Amino acid sequence: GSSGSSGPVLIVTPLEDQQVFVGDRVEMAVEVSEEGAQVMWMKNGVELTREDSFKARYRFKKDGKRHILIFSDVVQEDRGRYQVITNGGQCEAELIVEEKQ
């Protein structure tokens, strides 16, 4: 925006390997160093655009310096590598999705 305040956005608390089962509640939260951060999520090398995506079922939640990614429904196909990238820092995680009994 206008000339006011700029700077890199370092990831205080990045993502971490999560072990869940198909059909559960997954919440990928991340702590940043700036509230209004333009953090971008990437899966298997795909920029998770923030536009009309009827296909997807996940919801975006911005709580200031924290970005959560709820997954109403998760499946084995959802298991990948969520690489978080920002204008200051980046990270990666491994979502382990296993089948139910």
# chains A, B, ... in the order shown; residues from 1 in each chain; ligands from 1
call {"tool": "residues_around", "arguments": {"residues": "residue 25 (chain A)", "least_positions_apart": "4", "cutoff": "9 Å", "atoms": "only C-alpha atoms", "output": "PyMOL selection string"}}
result
chain A and resi 20-21+70-74
call {"tool": "write_last_selection", "arguments": {"atoms": "N, CA and C atoms", "output": "PDB file, in the first residue's frame"}}
result
ATOM      1  N   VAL A  20      -2.612 -37.785  11.112  1.00  0.00           N
ATOM      2  CA  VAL A  20      -4.052 -37.915  11.305  1.00  0.00           C
ATOM      3  C   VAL A  20      -4.625 -39.027  10.435  1.00  0.00           C
ATOM      4  N   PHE A  21      -5.923 -39.272  10.576  1.00  0.00           N
ATOM      5  CA  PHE A  21      -6.594 -40.311   9.803  1.00  0.00           C
ATOM      6  C   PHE A  21      -7.565 -39.698   8.798  1.00  0.00           C
ATOM      7  N   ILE A  70      -8.192 -24.804   8.181  1.00  0.00           N
ATOM      8  CA  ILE A  70      -9.118 -25.867   8.554  1.00  0.00           C
ATOM      9  C   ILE A  70      -9.441 -26.758   7.358  1.00  0.00           C
ATOM     10  N   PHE A  71      -9.670 -28.039   7.628  1.00  0.00           N
ATOM     11  CA  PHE A  71      -9.991 -28.995   6.575  1.00  0.00           C
ATOM     12  C   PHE A  71     -11.241 -29.796   6.931  1.00  0.00           C
ATOM     13  N   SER A  72     -12.405 -29.214   6.665  1.00  0.00           N
ATOM     14  CA  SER A  72     -13.673 -29.870   6.959  1.00  0.00           C
ATOM     15  C   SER A  72     -13.570 -31.376   6.741  1.00  0.00           C
ATOM     16  N   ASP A  73     -12.824 -31.767   5.714  1.00  0.00           N
ATOM     17  CA  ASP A  73     -12.642 -33.179   5.395  1.00  0.00           C
ATOM     18  C   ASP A  73     -11.278 -33.420   4.756  1.00  0.00           C
ATOM     19  N   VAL A  74     -10.525 -34.361   5.316  1.00  0.00           N
ATOM     20  CA  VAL A  74      -9.201 -34.689   4.801  1.00  0.00           C
ATOM     21  C   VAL A  74      -9.153 -36.119   4.276  1.00  0.00           C
TER      22      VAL A  74
END
call {"tool": "residues_around", "arguments": {"residues": "residue 45 (chain A)", "least_positions_apart": "2", "cutoff": "12 Å", "atoms": "only C-alpha atoms", "output": "list in words"}}
result
residues 40, 41, 42, 43, 47, 48, 80, 81, 82, 83, 84, 85 and 92 of chain A
call {"tool": "write_last_selection", "arguments": {"atoms": "N, CA, C and O atoms", "output": "PDB file, in the first residue's frame"}}
result
ATOM      1  N   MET A  40       1.707 -17.176   1.607  1.00  0.00           N
ATOM      2  CA  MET A  40       1.150 -18.007   0.546  1.00  0.00           C
ATOM      3  C   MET A  40       1.443 -19.483   0.800  1.00  0.00           C
ATOM      4  O   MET A  40       2.588 -19.864   1.048  1.00  0.00           O
ATOM      5  N   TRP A  41       0.404 -20.307   0.737  1.00  0.00           N
ATOM      6  CA  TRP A  41       0.551 -21.740   0.960  1.00  0.00           C
ATOM      7  C   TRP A  41       0.757 -22.479  -0.358  1.00  0.00           C
ATOM      8  O   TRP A  41       0.129 -22.154  -1.365  1.00  0.00           O
ATOM      9  N   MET A  42       1.639 -23.473  -0.344  1.00  0.00           N
ATOM     10  CA  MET A  42       1.925 -24.259  -1.539  1.00  0.00           C
ATOM     11  C   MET A  42       1.855 -25.752  -1.237  1.00  0.00           C
ATOM     12  O   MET A  42       2.405 -26.221  -0.241  1.00  0.00           O
ATOM     13  N   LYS A  43       1.176 -26.494  -2.104  1.00  0.00           N
ATOM     14  CA  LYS A  43       1.036 -27.936  -1.933  1.00  0.00           C
ATOM     15  C   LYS A  43       1.549 -28.682  -3.160  1.00  0.00           C
ATOM     16  O   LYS A  43       1.107 -28.434  -4.280  1.00  0.00           O
ATOM     17  N   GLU A  47       0.634 -23.086  -5.938  1.00  0.00           N
ATOM     18  CA  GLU A  47       0.252 -21.898  -5.184  1.00  0.00           C
ATOM     19  C   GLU A  47      -1.243 -21.907  -4.876  1.00  0.00           C
ATOM     20  O   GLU A  47      -2.075 -21.756  -5.771  1.00  0.00           O
ATOM     21  N   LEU A  48      -1.576 -22.085  -3.602  1.00  0.00           N
ATOM     22  CA  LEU A  48      -2.970 -22.115  -3.173  1.00  0.00           C
ATOM     23  C   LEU A  48      -3.617 -20.741  -3.331  1.00  0.00           C
ATOM     24  O   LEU A  48      -3.701 -19.968  -2.376  1.00  0.00           O
ATOM     25  N   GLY A  80       0.371 -34.234   1.530  1.00  0.00           N
ATOM     26  CA  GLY A  80       1.412 -33.717   0.660  1.00  0.00           C
ATOM     27  C   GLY A  80       2.467 -32.934   1.420  1.00  0.00           C
ATOM     28  O   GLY A  80       2.815 -33.283   2.547  1.00  0.00           O
ATOM     29  N   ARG A  81       2.975 -31.876   0.799  1.00  0.00           N
ATOM     30  CA  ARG A  81       3.998 -31.044   1.423  1.00  0.00           C
ATOM     31  C   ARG A  81       3.599 -29.571   1.384  1.00  0.00           C
ATOM     32  O   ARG A  81       3.840 -28.879   0.395  1.00  0.00           O
ATOM     33  N   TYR A  82       2.988 -29.101   2.465  1.00  0.00           N
ATOM     34  CA  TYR A  82       2.553 -27.712   2.554  1.00  0.00           C
ATOM     35  C   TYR A  82       3.736 -26.786   2.821  1.00  0.00           C
ATOM     36  O   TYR A  82       4.147 -26.601   3.966  1.00  0.00           O
ATOM     37  N   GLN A  83       4.279 -26.209   1.754  1.00  0.00           N
ATOM     38  CA  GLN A  83       5.414 -25.302   1.872  1.00  0.00           C
ATOM     39  C   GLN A  83       4.947 -23.856   1.992  1.00  0.00           C
ATOM     40  O   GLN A  83       4.473 -23.263   1.022  1.00  0.00           O
ATOM     41  N   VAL A  84       5.083 -23.293   3.188  1.00  0.00           N
ATOM     42  CA  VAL A  84       4.675 -21.915   3.436  1.00  0.00           C
ATOM     43  C   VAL A  84       5.756 -20.934   2.995  1.00  0.00           C
ATOM     44  O   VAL A  84       6.918 -21.063   3.378  1.00  0.00           O
ATOM     45  N   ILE A  85       5.363 -19.953   2.188  1.00  0.00           N
ATOM     46  CA  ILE A  85       6.299 -18.950   1.695  1.00  0.00           C
ATOM     47  C   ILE A  85       5.779 -17.540   1.957  1.00  0.00           C
ATOM     48  O   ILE A  85       4.597 -17.256   1.763  1.00  0.00           O
ATOM     49  N   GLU A  92       8.409 -25.741   5.436  1.00  0.00           N
ATOM     50  CA  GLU A  92       7.726 -26.879   4.832  1.00  0.00           C
ATOM     51  C   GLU A  92       7.313 -27.893   5.896  1.00  0.00           C
ATOM     52  O   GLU A  92       7.917 -27.965   6.965  1.00  0.00           O
TER      53      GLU A  92
END
call {"tool": "closest_residue", "arguments": {"among": "A:50, A:79, A:67, A:61", "to": "residue 33 (chain A)", "atoms": "only C-alpha atoms"}}
result
A:67
call {"tool": "atom_distance", "arguments": {"atom1": "CA of residue 4 (chain A)", "atom2": "CA of residue 90 (chain A)"}}
result
24.3 Å
call {"tool": "residues_around", "arguments": {"residues": "residue 75 (chain A)", "least_positions_apart": "2", "cutoff": "6 Å", "atoms": "only C-alpha atoms", "output": "list in words"}}
result
residues 22, 77 and 78 of chain A
call {"tool": "select_by_dssp", "arguments": {"residues": "chain A", "states": "strand (DSSP E or B)", "output": "PyMOL selection string"}}
result
chain A and resi 11-13+18-21+27+30-32+40-43+47+59-62+66-70+81-85+90-91+94-98
call {"tool": "closest_residue", "arguments": {"among": "A:37, A:68, A:10, A:28", "to": "residue 93 (chain A)", "atoms": "only C-alpha atoms"}}
result
A:28
call {"tool": "closest_residue", "arguments": {"among": "A:46, A:15, A:39, A:26", "to": "residue 58 (chain A)", "atoms": "only C-alpha atoms"}}
result
A:26
call {"tool": "closest_residue", "arguments": {"among": "A:44, A:12, A:69, A:27", "to": "residue 56 (chain A)", "atoms": "only C-alpha atoms"}}
result
A:69
call {"tool": "atom_distance", "arguments": {"atom1": "CA of residue 3 (chain A)", "atom2": "CA of residue 31 (chain A)"}}
result
25.4 Å
call {"tool": "residues_around", "arguments": {"residues": "residue 7 (chain A)", "least_positions_apart": "4", "cutoff": "10 Å", "atoms": "only C-alpha atoms", "output": "JSON, numbers by chain"}}
result
{"A": [33, 34, 87, 88]}
call {"tool": "write_last_selection", "arguments": {"atoms": "N, CA, C and O atoms", "output": "compact mmCIF listing (two decimals), in the first residue's frame"}}
result
# COMPACT_ATOMS: atom_id res chain seq x y z
N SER A 33 5.49 -12.89 11.90
CA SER A 33 6.03 -11.73 12.58
C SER A 33 5.30 -10.46 12.15
O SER A 33 5.77 -9.35 12.40
N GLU A 34 4.15 -10.63 11.50
CA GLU A 34 3.36 -9.50 11.04
C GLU A 34 1.90 -9.90 10.86
O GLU A 34 1.59 -10.95 10.29
N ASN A 87 7.13 -13.02 2.38
CA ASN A 87 8.04 -11.99 1.89
C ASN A 87 9.22 -11.81 2.85
O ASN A 87 9.87 -10.76 2.85
N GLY A 88 9.48 -12.83 3.65
CA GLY A 88 10.58 -12.76 4.60
C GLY A 88 11.16 -14.13 4.92
O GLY A 88 12.38 -14.30 4.95
call {"tool": "atom_distance", "arguments": {"atom1": "CA of residue 95 (chain A)", "atom2": "CA of residue 17 (chain A)"}}
result
5.5 Å
call {"tool": "decode", "arguments": {"residues": "region 39-64 of chain A", "atoms": "N, CA and C atoms", "output": "short mmCIF file (atom, residue, chain, number, x, y, z; two decimals), in the first residue's frame"}}
result
data_model
loop_
_atom_site.label_atom_id
_atom_site.label_comp_id
_atom_site.auth_asym_id
_atom_site.auth_seq_id
_atom_site.Cartn_x
_atom_site.Cartn_y
_atom_site.Cartn_z
N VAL A 39 1.16 -14.17 3.44
CA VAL A 39 1.66 -15.54 3.40
C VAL A 39 0.95 -16.35 2.32
N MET A 40 1.71 -17.18 1.61
CA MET A 40 1.15 -18.01 0.55
C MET A 40 1.44 -19.48 0.80
N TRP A 41 0.40 -20.31 0.74
CA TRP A 41 0.55 -21.74 0.96
C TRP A 41 0.76 -22.48 -0.36
N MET A 42 1.64 -23.47 -0.34
CA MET A 42 1.92 -24.26 -1.54
C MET A 42 1.86 -25.75 -1.24
N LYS A 43 1.18 -26.49 -2.10
CA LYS A 43 1.04 -27.94 -1.93
C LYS A 43 1.55 -28.68 -3.16
N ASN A 44 2.49 -29.60 -2.94
CA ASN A 44 3.06 -30.38 -4.03
C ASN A 44 3.49 -29.48 -5.18
N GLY A 45 3.83 -28.24 -4.85
CA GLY A 45 4.26 -27.29 -5.87
C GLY A 45 3.10 -26.61 -6.56
N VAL A 46 2.14 -26.13 -5.77
CA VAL A 46 0.97 -25.46 -6.31
C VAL A 46 0.54 -24.30 -5.41
N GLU A 47 0.63 -23.09 -5.94
CA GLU A 47 0.25 -21.90 -5.18
C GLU A 47 -1.24 -21.91 -4.88
N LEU A 48 -1.58 -22.09 -3.60
CA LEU A 48 -2.97 -22.11 -3.17
C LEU A 48 -3.62 -20.74 -3.33
N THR A 49 -4.08 -20.44 -4.54
CA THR A 49 -4.72 -19.17 -4.82
C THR A 49 -5.83 -18.87 -3.82
N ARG A 50 -6.08 -17.59 -3.59
CA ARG A 50 -7.12 -17.18 -2.65
C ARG A 50 -8.32 -16.60 -3.39
N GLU A 51 -8.80 -17.32 -4.39
CA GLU A 51 -9.95 -16.88 -5.18
C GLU A 51 -11.05 -17.93 -5.17
N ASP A 52 -12.12 -17.67 -5.92
CA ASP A 52 -13.24 -18.59 -6.00
C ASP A 52 -12.77 -20.00 -6.33
N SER A 53 -12.86 -20.89 -5.35
CA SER A 53 -12.43 -22.28 -5.54
C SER A 53 -13.48 -23.24 -4.99
N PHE A 54 -14.62 -23.32 -5.67
CA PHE A 54 -15.69 -24.21 -5.25
C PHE A 54 -15.18 -25.62 -5.02
N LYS A 55 -14.24 -26.05 -5.86
CA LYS A 55 -13.66 -27.38 -5.75
C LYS A 55 -13.18 -27.65 -4.33
N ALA A 56 -12.17 -26.89 -3.90
CA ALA A 56 -11.62 -27.05 -2.56
C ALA A 56 -12.72 -27.01 -1.50
N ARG A 57 -12.44 -27.59 -0.34
CA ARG A 57 -13.41 -27.62 0.75
C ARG A 57 -12.82 -27.01 2.02
N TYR A 58 -11.54 -26.67 1.97
CA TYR A 58 -10.85 -26.08 3.11
C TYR A 58 -11.23 -24.61 3.27
N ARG A 59 -11.08 -24.10 4.49
CA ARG A 59 -11.40 -22.71 4.77
C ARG A 59 -10.18 -21.96 5.32
N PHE A 60 -10.07 -20.69 4.97
CA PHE A 60 -8.95 -19.87 5.42
C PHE A 60 -9.34 -19.05 6.66
N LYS A 61 -8.45 -19.03 7.64
CA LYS A 61 -8.69 -18.29 8.88
C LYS A 61 -7.48 -17.45 9.25
N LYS A 62 -7.66 -16.13 9.28
CA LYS A 62 -6.59 -15.21 9.63
C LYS A 62 -6.83 -14.58 10.99
N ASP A 63 -6.00 -14.93 11.97
CA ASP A 63 -6.12 -14.40 13.32
C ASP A 63 -4.94 -13.50 13.66
N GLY A 64 -4.79 -12.41 12.92
CA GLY A 64 -3.69 -11.49 13.16
C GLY A 64 -2.36 -12.05 12.69
#
